[PDB]
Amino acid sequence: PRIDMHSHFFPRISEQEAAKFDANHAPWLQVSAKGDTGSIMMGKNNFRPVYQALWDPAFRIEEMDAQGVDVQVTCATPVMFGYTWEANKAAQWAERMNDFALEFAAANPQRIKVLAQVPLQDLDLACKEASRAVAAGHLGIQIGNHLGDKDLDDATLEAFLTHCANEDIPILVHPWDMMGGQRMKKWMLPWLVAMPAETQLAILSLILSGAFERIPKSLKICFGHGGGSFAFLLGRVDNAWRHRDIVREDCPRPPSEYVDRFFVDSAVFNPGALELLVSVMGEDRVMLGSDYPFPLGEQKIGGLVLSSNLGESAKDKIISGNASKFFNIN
């Protein structure tokens, strides 16, 4: 069987319903008249043009069959996060978006599984919303990797991680609100450069701060897009931790020892990159993810893993094995 655990949705959101939250920065979905194309829109600006598969759960199951993917986990498009908003307005919006998600997963909840979003800019509202959603049916939460200038070392974000680790709630960490200000203007560089760095920063933020020494080993946490550039740059981190007391102060073990404490999806779009990745993470902590349905997500879902020189057991774990232990799937 095949489980793709990194994919996204966007719900049937009217201009009128989103304007009631923020007729300026609440995102909404405009579908064409035919009904197989459309755009995500902030106020009345065009944000991203999207395909029917993003919002239509029936059309999506049909593609899932063409693709040979049996169960697919899916979660909010990072533009739905609303972390910049006021906390009550975001807790309201999060509640609707996760309802929409169960509504979307209704089309076939043995094959479509959902992850919820939280108002992460408020620890209390984020914690209650995380537990409600798992009880309502979501298999876990998906969070942006940072919150303005708070990275995952921030005490509040660590508190949200521990809360989930204690309630045995799995977490997918997604790059979002990328760094870099005004420089990565064209050629989609924010996805090519800033996305991988954002992820690496999140992972390194937990490690070098000692967060893993303080968070329960029971936390199920996954970092998207191969964990950014983390695995390739890990040796540069180990060498700095050995040669610099300020790198070493909050981190008792050498940083590569902590790879036993988190997961990554397999989306790295290259056999060499994939082989190095499992070499660092181990075949048990790499899962099949595709970033479906966006252009940048590997058309042939699972094709990179299946054509690899990896073990037949390694393939089985990335394709299916680890994603069902991680998410508790039949």
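Position 1 is the first residue in the sequence shown; the rest follow in order.
S.K.: Taking only the CA atoms, which stretch has the higher mean B-factor in the record, 15-23 or 316-324?
M.R.: Of 316-324 and 15-23, the stretch with the higher C-alpha B-factor average is 15-23.
S.K.: Tell me which stretch, 145-153 or 94-102, has the higher mean Cα B-factor listed in the entry.
M.R.: Averaging CA B-factors over each stretch, the winner is 94-102.
S.K.: In terms of CA temperature factor as recorded, identify the highest of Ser209, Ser229, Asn166, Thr74.
M.R.: Going by the entry's C-alpha B-factors, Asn166 comes out highest.
S.K.: Between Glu86, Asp238, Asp250, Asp245, which one tops the list for Cα B-factor in this entry?
M.R.: Among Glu86, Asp238, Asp250, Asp245, the PDB entry lists the largest C-alpha B-factor for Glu86.
S.K.: Determine, from the deposited record, the chain-internal third of the Cα B-factor for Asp70: lowest, middle or highest.
M.R.: It falls in the middle third of the chain.
S.K.: What third of its chain, lowest, middle or highest, does the C-alpha temperature factor of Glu213 fall into?
M.R.: For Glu213, the deposited C-alpha B-factor lands in the middle third.
S.K.: Quick check for you: using the entry's CA B-factors within this chain, is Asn108 in the lowest, middle or highest third?
M.R.: Answer is middle: the recorded C-alpha B-factor places it there.
S.K.: How does the C-alpha B factor of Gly38 compare with the rest of the chain: lowest, middle or highest third?
M.R.: Its C-alpha B-factor, which the entry lists for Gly38, ranks in the highest third among residues of this chain.
S.K.: Among all modelled residues of this chain, ranked by Cα B factor, put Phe81 in the bottom, middle or top third, i.e. lowest, middle or highest.
M.R.: Answer is middle: the recorded C-alpha B-factor places it there.
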